[PDB]
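Listed below are the residues making up each chain.
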Amino acid sequence: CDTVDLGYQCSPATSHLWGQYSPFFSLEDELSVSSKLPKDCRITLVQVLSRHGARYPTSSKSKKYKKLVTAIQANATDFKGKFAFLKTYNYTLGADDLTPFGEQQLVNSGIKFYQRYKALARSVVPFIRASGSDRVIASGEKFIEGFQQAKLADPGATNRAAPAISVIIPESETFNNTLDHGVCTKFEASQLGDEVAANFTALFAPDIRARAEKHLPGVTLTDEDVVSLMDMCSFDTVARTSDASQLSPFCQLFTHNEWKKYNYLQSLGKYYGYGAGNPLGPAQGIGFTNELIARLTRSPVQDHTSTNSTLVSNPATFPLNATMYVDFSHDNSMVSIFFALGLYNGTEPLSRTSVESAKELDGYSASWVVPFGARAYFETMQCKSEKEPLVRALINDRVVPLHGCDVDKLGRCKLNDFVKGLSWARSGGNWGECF
Ligand SMILES: *[C@@H]1O[C@H](CO)[C@@H](O)[C@H](O)[C@H]1NC(C)=O
Ligand SMILES: *[C@@H]1O[C@H](CO)[C@@H](O)[C@H](O)[C@H]1NC(C)=O
Ligand SMILES: *[C@@H]1O[C@H](CO)[C@@H](O)[C@H](O)[C@H]1NC(C)=O
Ligand SMILES: *[C@@H]1O[C@H](CO)[C@@H](O)[C@H](O)[C@H]1NC(C)=O
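Residues numbered from 1 in each chain as written, not as in the entry; some residues may be left out. Chains lettered and ligands numbered in written order. Heavy atoms only, no water.

- As recorded in the PDB header, X-ray crystallography is the method behind this entry, and the stated resolution is 1.64 Å.

- By the naming in the PDB entry, the protein chain is 3-phytase A, taken from Aspergillus fumigatus.
- What UniProt records for the protein chain under Subunit is the sentence "Monomer."
- Per UniProt, the protein chain has the following entry under Subcellular location: "Secreted". (UniProt positions renumbered as here; feature names shortened; annotations may be inferred.)

Written as structure tokens, this is what we have:
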């Protein structure tokens, strides 16, 4: 179901419509040119930004879910049609940790990285950091495991030492961490994403609630419980087998039309939570953007947002010449980073009353952009076509054409043009508003 190259391709009419809880699916050639290395080009640097893999719900949501399943089982006088399974369903999900399927997605991601960049990766041990969350660290470890699986199988690799995770950045409201938001006080108090999500859920959940209630006489559901039962389709699917080879019984409770509403609900929460919809959302990605610019230009970091000046100024924790960098993060920071980088500056503000496809949204959606196991590659390449290095961004294998610079038909800008166009981030954006 899940493969190294394509990601997850089982039940795609449903499993690609779970927003950030979809398993990564490759978007190669989707509303995009090919991601292949263009003719007469050589990659000279690649930064990877990866989310952790498929996981259990957080302890908070896992509690909520289990409470709800228990109340259904306590309350229902019957379990009719497709709801019959709920009679005997045993809630066994954990909390926070990767599932075994999620571990394997990250090993696959490491294999794909080595294969895609084999020319470089044969001699390079990437410099790796993870945000200090156990599932993020564990994802980094499984990605290294995959990368080395591939590397040791290639008799042409010369530099075979395994990479370590060199920096684990603490997650704290008081620690400047560019791979997880937390310090920007005002933004942390924002309720906008949640209010947009609740207001949208109020539009679509009532029909589904009526229908679920009709099949579960005795039960009363809130619109929130509707969304919980939809969330359980992805969580149970990624936990119930090691290879996510069995779609959860929760999934068939809801129609394909309803899945496209759920998918949009998730795109809404991320856009108004962390993307350009939130007035401080892209500011959360400034720190990483200035770290990437330092890496792309081989120059010291210039930033006063969420970088830590101790960590960026020591080459042990922030080398400027490692050629391959891999950083592990979370969905919501990755959303803010991609928007800080201007990669979604063709996406107009999301309708809060109609579902717009990732195509009307210029390739933006939570499942296209921050699935479980999401990855972005930011490449520099030297092409016979040009003196200057050219930059390209790939998000889940979709070429996402750069904004703010003179972009070509392959989605590329010259490096210094790209960096000049990132003037908002380079100047610290509206980070002052945090305080
Ligand atoms: C910066 O990182 C140093 C090194 O671990 C740590 O002592 C300090 O508290 C961090 N400061 C902030 C604000 O993140
Ligand atoms: C939530 O409820 C109503 C829907 O009409 C709206 O006027 C209010 O502003 C909403 N909050 C947000 C952020 O949309
Ligand atoms: C942490 O970030 C704030 C800007 O948000 C800055 O005032 C402070 O100097 C930073 N501290 C470190 C150690 O980077
Ligand atoms: C993207 O649009 C925003 C909002 O207009 C602007 O602040 C930013 O500079 C643009 N980014 C790029 C890289 O063009």
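From this point on, the discussion continues.
Points about the UniProt feature "disulfide bond" in the protein chain
- A sulfur-sulfur distance of 2.0 Å separates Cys-41 from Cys-383, so the disulfide listed by UniProt for this pair is formed here. On the criterion of sequence distance, the pair formed by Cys-41 in strand 3 (residues 41-51) and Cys-383 in strand 7 (residues 375-383) is long-range, its members being 342 residues apart.
- Accessibility expressed as a relative area gives 13% for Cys-41, which makes it buried.
- Look at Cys-184 and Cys-434: UniProt pairs them in a disulfide, and at 2.0 Å between sulfurs the bond is present in this structure. Note that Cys-184 is positioned in the loop between strand 5 (165-169) and helix 6 (185-188) and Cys-434 in the segment after helix 15 (423-426), a separation of 250 residues in sequence. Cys-434 matches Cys-184 in its accessibility class, with the two residues each being buried. (Disulfide = S-S within 2.5 Å. Helix = DSSP H or I, 4+ residues; strand = E, 2+ residues; numbered from the N terminus. Buried < 20%, exposed > 50% of the residue type's maximum accessible area, 1.4 Å probe, protein only.)

Considering the site of ligand 2
- Every residue lining ligand 2 is accounted for by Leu-192, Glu-195, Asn-199 and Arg-352.
- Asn-199 is positioned with one of its side-chain polar atoms (N or O) 2.3 Å from an oxygen atom of ligand 2.
- Relative to its unbound accessible area of 370 Å², ligand 2 is 37% covered by the protein chains. (Near = heavy atom within 4 Å. Polar contact = N/O pair within 3.5 Å; in protein donor to acceptor, adjacent residues only side chain to side chain. Areas by Shrake-Rupley, 256 points an atom, 1.4 Å probe, with all protein chains shown as cover.)

Side note on the side chain of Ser-267
- The residue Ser-267 is located in helix 9 (residues 256-273) in this model.
- Excluding residues within four positions of it along the chain, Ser-267 makes contact with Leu-350, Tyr-364, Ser-365 and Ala-366. (Contact = heavy atoms within 4.5 Å.)

Regarding the nonpolar core
- Counting 103 residues, the largest nonpolar core has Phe-250, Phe-338, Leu-343 and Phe-418 as the members making the most contacts within it.
- For this core, the leading source of residues is helix 8 (residues 223-240), giving 8 residues.
- Among residues more than four places away in sequence, those in contact with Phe-418 are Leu-296, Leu-341, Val-391, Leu-402, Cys-405 and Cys-413.
- Core analysis: the next-biggest nonpolar cluster, separate from the first, contains 32 residues, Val-124, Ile-144, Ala-150 and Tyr-377 among them. (Core = buried A, V, L, I, M, F, W, Y, C linked by side-chain atoms within 4.5 Å.)

Some details on the packing of aromatic side chains
- For the coordinates displayed, the defined rule picks out 28 aromatic pairs.
- Seen in terms of ring centroids, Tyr-8 and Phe-101 are 5.7 Å apart; in terms of plane orientation they differ by 75 degrees. Their pairing is edge-to-face. Taken together, the positions of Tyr-8 in strand 2 (residues 7-8) and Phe-101 in helix 3 (residues 100-116) put the pair 93 residues apart, joining distant regions of the chain.
- Take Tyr-8: its relative accessible area is 1%, and that puts it in the buried class.
- Ring centres 5.8 Å apart and planes at 35 degrees place the aromatic pair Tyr-21 and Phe-372 in the tilted group. Highlighted residues: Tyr-21 in the loop between helix 1 (12-15) and strand 3 and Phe-372 in the loop between helix 13 (366-369) and strand 7, separated in sequence by 351 residues.
- If you follow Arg-352 out to its NZ or CZ, it ends over the ring of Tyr-272, 4.5 Å from the centre.
- Directly above the aromatic system of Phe-24 lies the positively charged group of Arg-375, at a separation of 3.5 Å from the ring centroid. (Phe/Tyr/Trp six-rings, centres within 6.5 Å; stacked < 30°, edge-to-face > 60°. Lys NZ or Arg CZ within 6 Å of the ring centre and 35° of its normal.)

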